[PDB]
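Undergrad: In order, the protein sequences belong to chains U and S.
Taking UniProt numbering, I'd label the letters of the first sequence as residues 15 to 240, 253 to 280, 288 to 380.
At position 15 of the second sequence the residue is numbered 191 (UniProt numbering), and the sequence of numbers has no breaks.
Sharing a structure here in structure tokens format.
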Amino acid sequence: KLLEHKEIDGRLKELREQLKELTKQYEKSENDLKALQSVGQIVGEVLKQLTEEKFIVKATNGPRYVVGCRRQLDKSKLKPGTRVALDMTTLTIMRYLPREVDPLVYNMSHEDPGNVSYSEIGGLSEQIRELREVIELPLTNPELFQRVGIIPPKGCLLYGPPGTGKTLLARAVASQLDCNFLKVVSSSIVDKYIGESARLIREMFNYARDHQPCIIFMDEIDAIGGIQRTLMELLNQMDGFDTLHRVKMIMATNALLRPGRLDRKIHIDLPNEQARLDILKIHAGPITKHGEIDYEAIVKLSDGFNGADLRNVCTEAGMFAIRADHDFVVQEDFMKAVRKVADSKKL
Amino acid sequence: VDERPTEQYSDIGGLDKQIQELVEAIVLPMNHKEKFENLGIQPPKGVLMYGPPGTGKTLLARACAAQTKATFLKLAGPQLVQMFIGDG
Ligand SMILES: Nc1ncnc2c1ncn2[C@@H]1O[C@H](COP(=O)(O)OP(=O)(O)OP(=O)(O)O)[C@@H](O)[C@H]1O
Ligand SMILES: Nc1ncnc2c1ncn2[C@@H]1O[C@H](COP(=O)(O)OP(=O)(O)O)[C@@H](O)[C@H]1O
Ligand SMILES: [Mg+2]
Numbered sequence: 015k016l017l018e019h020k021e022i023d024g025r026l027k028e029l030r031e032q033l034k035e036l037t038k039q040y041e042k043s044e045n046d047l048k049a050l051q052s053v054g055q056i057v058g059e060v061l062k063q064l065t066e067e068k069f070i071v072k073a074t075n076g077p078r079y080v081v082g083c084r085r086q087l088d089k090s091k092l093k094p095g096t097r098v099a100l101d102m103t104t105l106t107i108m109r110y111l112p113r114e115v116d117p118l119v120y121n122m123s124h125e126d127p128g129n130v131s132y133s134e135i136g137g138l139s140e141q142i143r144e145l146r147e148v149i150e151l152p153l154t155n156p157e158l159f160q161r162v163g164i165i166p167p168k169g170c171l172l173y174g175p176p177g178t179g180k181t182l183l184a185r186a187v188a189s190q191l192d193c194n195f196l197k198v199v200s201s202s203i204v205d206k207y208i209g210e211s212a213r214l215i216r217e218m219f220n221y222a223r224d225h226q227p228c229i230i231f232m233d234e235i236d237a238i239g240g253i254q255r256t257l258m259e260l261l262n263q264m265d266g267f268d269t270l271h272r273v274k275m276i277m278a279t280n288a289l290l291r292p293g294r295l296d297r298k299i300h301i302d303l304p305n306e307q308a309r310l311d312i313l314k315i316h317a318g319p320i321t322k323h324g325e326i327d328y329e330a331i332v333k334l335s336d337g338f339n340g341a342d343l344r345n346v347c348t349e350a351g352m353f354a355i356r357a358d359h360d361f362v363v364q365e366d367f368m369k370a371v372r373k374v375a376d377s378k379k380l
Numbered sequence: 177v178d179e180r181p182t183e184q185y186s187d188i189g190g191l192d193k194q195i196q197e198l199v200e201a202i203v204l205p206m207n208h209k210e211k212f213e214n215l216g217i218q219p220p221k222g223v224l225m226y227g228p229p230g231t232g233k234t235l236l237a238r239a240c241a242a243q244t245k246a247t248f249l250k251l252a253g254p255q256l257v258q259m260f261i262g263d264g
């Protein structure tokens, strides 16, 4: 009879678990009914602060209303520009919301606190040294700079062959700090005349301060808005007045070279063949190669003088292997591409 | 594309390098995939066909659409411009 009684316990215990689940299911049904009475609240920005109990809010896609805060809200949060959710009937500010998204801000705010070793950018040990000598001392010991008296070390320049790794230099030196490391390459800062400024010159330093150390990286200044007087006024504005969080502009392209207009200028040498080996090794690392592969004689026949020249030569080598099931590139395969790209670049 | 226009690659002349480039950058990565991941070479995400007018860019696009099992989704620049804000 014990087995039968235990059998009944199985049916009884099954019902108990089921009813518990049903109660959990119903308790959800009650929750959604309560949320049903909930009503939407319009979204707007607090343009101005008229008084303690009066606010000016511009609805997202409607008129601007003068409204008042609910009550138990920290009026400190409701600062000009803060998003708020007005009540649909009383139009009273009920709660503050964080601001996000925005079309233009994708590269001027994003921070990249990564760790890219200088081995990634090969053949520029000397060039990277100057970056540290230029961006390390100002960051580490502002006291010694202030002790001497000369505050602003800003400026800098990396004129040289196009795209031979200029961005990487600002990345390899990003080993310490350089978190935000924004890029504004020839755009949004002067735009020929003044087109871009504050909202395209300060918003920069803005996140360039509300965050860890960053690099403005106004690369390719030779293509800004495509004017010189505006640029001269551009580089002599309050930019260096603040210099927040040791953010150093690192323009790089090809009496404005004096201190206060352009700091140390470094010319990036054409990829040295002995350095060219360094590039082929790092660049060609990821591609599945075979043991017999040799990165020795390629440079002798590969003097393209462009960093990207080595990247596609490594990649275009794979496309050589795309035909046929070759999972690895052969020494001849690389020579096949080098004799192609090193000669194709001539056209 | 539901009518599947017909244009064999033989109909395209004078562009053997470009046809191969487009097939290898828009077709080879499409139906192979795992092979490319094997060599770890990132296939380009898009192809921009630029040249003097009438060079045959749209003809190569038609040939790819005809000789590709992929679901071609054609469209025009003017088509993605509408009066209502955000419609495009
Ligand atoms: N290389 C070519 N091989 C075959 N046909 C070609 C070639 N070049 C042009 N044609 C022919 O001439 C015309 C070329 O224009 P097509 O329809 O290819 O668009 P397109 O070249 O992109 O022109 P558009 O610049 O006006 O868009 C087509 O009728 C095409 O068949
Ligand atoms: N010396 C180098 N070391 C590492 N990568 C390089 C080097 N030279 C070129 N590259 C490759 O080229 C690209 C860098 O181009 P970049 O110099 O930023 O162009 P631009 O100067 O127009 O911004 C990177 O994708 C990188 O992989
Ligand atoms: Mg066309």
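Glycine is no exception: its CB is placed at the ideal position from the N, C-alpha and C atoms.
If the criterion is Cβ atoms closer than 8 Å, does the pair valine 204 (chain U) and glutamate 234 (chain U) meet it?
TA: Their beta carbons are not under 8 Å apart, which means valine 204 (chain U) does not touch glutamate 234 (chain U) by this criterion.
Undergrad: Rounded to the nearest angstrom, how far is the Cβ of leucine 64 (chain U) from that of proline 94 (chain U), given a contact under 8 Å?
TA: So it is not a contact: roughly 12 Å between Cβ atoms.
Undergrad: Taking 8 Å as the threshold, find out whether the stretch 149-167 of chain U comes into contact with the stretch 81-90 of chain U through three or more Cβ pairs.
TA: No, because fewer than three Cβ pairs between the stretch 149-167 of chain U and the stretch 81-90 of chain U fall closer than 8 Å, the two stretches do not touch.
Undergrad: Using only CA atoms, which one of U:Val371, U:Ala350, U:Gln364 and U:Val362 lies nearest to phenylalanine 338 (chain U)?
TA: With distances taken between Cα atoms, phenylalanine 338 (chain U) lies closest to U:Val371.
Undergrad: Might you give, ordered along the chain, the residues of its own chain that have their beta carbon closer than 7 Å to the beta carbon of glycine 340 (chain U), omitting 5 neighbours on each side?
TA: Result list for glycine 340 (chain U): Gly177, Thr178, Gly179, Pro304 and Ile312, in chain order.
Undergrad: Going by CA-CA distance only, name the one from U:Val130, U:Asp302, U:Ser131 and U:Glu114 that's closest to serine 123 (chain U).
TA: Closest option to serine 123 (chain U), Cα to Cα, is U:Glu114.
Undergrad: Short check: CB of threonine 321 (chain U) to CB of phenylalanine 353 (chain U), under 8 Å?
TA: No. Outside cutoff.
Undergrad: Would you say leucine 172 (chain U) and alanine 278 (chain U) are within 8 Å of each other, going by their C-beta atoms?
TA: Yes, these two residues count as a Cβ contact at 8 Å.
Undergrad: Give the straight-line distance between the Cα atoms of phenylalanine 212 (chain S) and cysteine 170 (chain U), rounded to the nearest whole angstrom.
TA: In a straight line, the C-alpha of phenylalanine 212 (chain S) is about 41 Å away from that of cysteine 170 (chain U).
Undergrad: Given this structure, state the Cα-to-Cα distance separating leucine 105 (chain U) from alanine 222 (chain U), to the nearest angstrom.
TA: Each residue's alpha carbon lies about 36 Å from the other.
Undergrad: Compare the C-alpha of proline 227 (chain U) against each of U:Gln307, U:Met275 and U:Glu66 and name the closest.
TA: Closest option to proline 227 (chain U), Cα to Cα, is U:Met275.
Undergrad: Could you say which of U:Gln364, U:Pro127, U:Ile326 and U:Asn345 lies nearest to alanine 188 (chain U) if we only look at CA atoms?
TA: It is U:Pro127.
Undergrad: Name the chain S residues that come within less than 7 Å of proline 319 (chain U), Cβ to Cβ?
TA: Result: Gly216.
Undergrad: What did DSSP end up calling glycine 340 (chain U) once you bin it into helix, strand or coil?
TA: The answer is helix: DSSP assigns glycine 340 (chain U) an H, G or I state.
Undergrad: Taking 7 Å as the line, does the beta carbon of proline 176 (chain U) fall inside it for any heavy atom of ligand 2?
TA: Checking every heavy atom of ligand 2 against the Cβ of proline 176 (chain U), one is found closer than 7 Å.
Undergrad: Can you tell me the Cβ-Cβ gap for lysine 206 (chain U) and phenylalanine 231 (chain U), rounded? I've got them flagged as a contact below 8 Å.
TA: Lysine 206 (chain U) to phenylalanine 231 (chain U), Cβ: 20 Å. No contact.
Undergrad: Can you give me the C-alpha to C-alpha distance between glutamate 365 (chain U) and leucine 191 (chain S), rounded to a whole angstrom?
TA: Rounded to the nearest angstrom, the two C-alpha atoms are 27 Å apart.
Undergrad: Using C-beta distances below 6 Å, list every residue in its chain close to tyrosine 79 (chain U), excluding the 5 sequence neighbours before and after it, in chain order.
TA: These residues qualify, in order along the chain: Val71 and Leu105.
Undergrad: Threshold first: 3 residues or longer. Then list the beta strand (DSSP E) segments lying entirely within the stretch 23-52 of chain U, N to C.
TA: Listed in chain order, there is nothing to give.
Undergrad: Can you name the residues of chain S whose CB is closer than 7 Å to the CB of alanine 354 (chain U)?
TA: Here the neighbours are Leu215.
Undergrad: Report back the beta-carbon spacing between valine 374 (chain U) and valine 346 (chain U) to the nearest angstrom; my notes put them in contact at under 8 Å.
TA: Correct: roughly 5 Å between the Cβ atoms.
Undergrad: Using DSSP's beta-bridge definition, name the partner residues of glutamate 59 (chain U).
TA: According to DSSP, which records beta bridges pairwise, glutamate 59 (chain U) is partnered with U:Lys72 and U:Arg97.
Undergrad: Span of the alpha helix (DSSP H) holding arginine 372 (chain U)?
TA: Its alpha helix (DSSP H) spans residues 364-377.
Undergrad: In chain U, what lies closer than 7 Å to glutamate 200 (chain S) by C-beta?
TA: Neighbours of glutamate 200 (chain S) on chain U, chain order: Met352 and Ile355.
Undergrad: For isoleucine 229 (chain U), which residues in the same chain have their Cβ closer than 6 Å to its Cβ, ignoring the five residues on either side in sequence?
TA: These residues qualify, in order along the chain: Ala184, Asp192, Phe195 and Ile276.
Undergrad: Strictly by DSSP, which residues pair up with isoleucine 217 (chain S)?
TA: None, per the DSSP bridge assignment.
Undergrad: Measure the C-alpha to C-alpha separation of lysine 245 (chain S) and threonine 182 (chain S) and round it to an integer number of angstroms.
TA: Roughly 12 Å separates the two Cα atoms.
Undergrad: Residues in the same chain with beta-carbon distance under 7 Å from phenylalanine 219 (chain U), minus the five sequence neighbours each way, listed in chain order, please.
TA: Answer for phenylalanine 219 (chain U): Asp268, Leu270 and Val273, listed in chain order.
Undergrad: Output, in chain order, the set of chain U residues within a Cβ distance shorter than 9 Å of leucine 191 (chain S).
TA: Neighbours of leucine 191 (chain S) on chain U: none; closest Cβ ~16 Å, over 9 Å.
Undergrad: Looking at chain S, is there any beta carbon in it that lies within less than 8 Å of the beta carbon of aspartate 360 (chain U)?
TA: Yes, contact with chain S.
Undergrad: Between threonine 181 (chain U) and chain S, is any beta-carbon pair separated by less than 8 Å?
TA: No, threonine 181 (chain U) does not count as interfacial toward chain S.
Undergrad: Can you pull out the residues from the stretch 72-103 of chain U whose beta carbon lies closer than 7 Å to at least one beta carbon of chain S?
TA: Listed in sequence order: no entries.
Undergrad: Quick one: measure Cβ to Cβ for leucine 224 (chain S) and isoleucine 188 (chain S), integer angstroms, because I've assumed they're closer than 8 Å.
TA: So it is not a contact: roughly 18 Å between Cβ atoms.
Undergrad: When burial is assigned at 16 or more other CB atoms within 10 Å of the CB, is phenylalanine 69 (chain U) buried or exposed?
TA: Buried.
Undergrad: List in chain order: all unbroken alpha helix (DSSP H) runs of 4+ residues lying wholly within the stretch 156-225 of chain U.
TA: Segments of the alpha helix (DSSP H) lying fully in the stretch 156-225 of chain U: 156-162, 180-186 and 216-221.
Undergrad: Please report whether the beta-carbon of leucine 204 (chain S) lies at a distance below 8 Å from any beta-carbon of chain U.
TA: Output row for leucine 204 (chain S): interface = yes.
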